[PDB]
C-alpha cells in the first residue's frame, strides 16, 4: 500500500534484550538471521532500537523508554519510587528522537513483555499518573512531563508474541531457576558464556534504580543467582509480576487502548494437539530450551477456576497463544480480526504464525520462516497507516 506517514520505527525487546553495542553486536532483533533494524533502514524504513531493563516492571521500562526517546534522565516518579523503594532517577540519555517534543511520532514494534511496555507508555503519555501529580504537589518536588498527561507521539503499537493476559509458565514450581536458565540459553545463542566473569558488561540489566550491577569477578551464573534473591525478582515492581496471569490482569485494568493509536497483534504457536487428553507438545524445530523446559508445562498446565482451560494450552514455547491477540482478562479494549483495513483505537489481530518465541526475532533458526519478508511487509503496512 502507498506510504501515508513518515513516522520512524522503534524496536522494543521482551524480558530478555540489549542495545546494539551490547552482546558483542549479536542483535536481539535478528539474532542468527542478521540485523532487522539494518533490513528496514536499507529498504527506506528508518528504524531505531530501544534498550530498557529486561527484568524491570513495565512501569520502569515506560519511564526508561520515554527518556531514551525524547532525551533526559529516566524519571520513575517520586511517588512510585517511595512506594517500591528504588531511586526516583535512572540513567541519562541524549534522546533518539527529540522531535517527538515538537510533533514527530513513532511506530513501536514490540516482542514478548515489550508489548505490555509499549501499551503502558501510550497510557502514560495520554493520561499520565494522578498519583504522581498528587505527590509532586504534596511534597513540593518536580514532575516528569510523562506523568502530566496530554502528550502523544505513538501512531501505532505492534505486539509480537506478547503475554497480554500473562503466561502460565510463571506458575511453574521452579520458574525462578528455569527462567534464569532461559536467560543463559539466550546468552549461549549469543555465543556468550554464563561461567566467565567478563570485565566489560556484555549484557547490562540497567538495574541502576535498584543499585544492582554485575561486579568485577562476577559470572552471569553467580549474578543471576544473586538477582533471584534481589528486589527485581522478589517485588511486585518487576517483569516477573507483570508477566504472571495476575500481573497482566492488574495491568489490563488500568492500561487501555488510546483512540489516537493503531494496535496490531501478531500471535505465535509452535505446538501439536496430543491424542491422549488434548495436551499441547513442542513441534519439531522449537528452540531446544523451550521444547524441553517450558512447552511441555505450558501445554498441560490447567486452572479451571482462573479460566485457564484448553484455549491456554497452545503456546510459542514461552507464551500461551490465546494471551497474544490483545488484552482480555481485565480489559474493555476491543479485538477485531484483520479485514484488510487497520483501525485506530483497537487491536488488529493480524493472525497466528507457525513460529516460536525466539524464531520470530531470529534468536533461533527456522529456514521455513522468511524473517526478512515478515518484518518488511509489516514496515510497509505501518508506513501505509493514515496519521
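Residue numbers count along the first chain shown, from 1.
- Remark: stretch with higher mean C-alpha B factor among 106-114 and 240-248 is 240-248.
- Comparing the deposited coordinates for 277-285 and 121-129, the stretch with the larger average C-alpha B-factor is 277-285.
- Set against one another, the Cα B-factors of 161, 141, 189, 79 in the record reach their highest point at 141.
- Of all the options 234, 258, 156, 215, the entry's greatest CA B-factor is assigned to 215.
- In the PDB entry, residue 219 places in the lowest third of its chain by CA B-factor.
- Annotation for residue 28: C-alpha temperature factor in the lowest third relative to the rest of the modelled chain, per the entry.
- Ranked by Cα temperature factor within the chain, residue 48 sits in the lowest third according to the deposited record.
- For residue 339, the recorded CA temperature factor ranks within the highest third of the chain's modelled residues.
- Sort the chain's modelled residues by C-alpha temperature factor and residue 85 lands in the middle third, per the entry.
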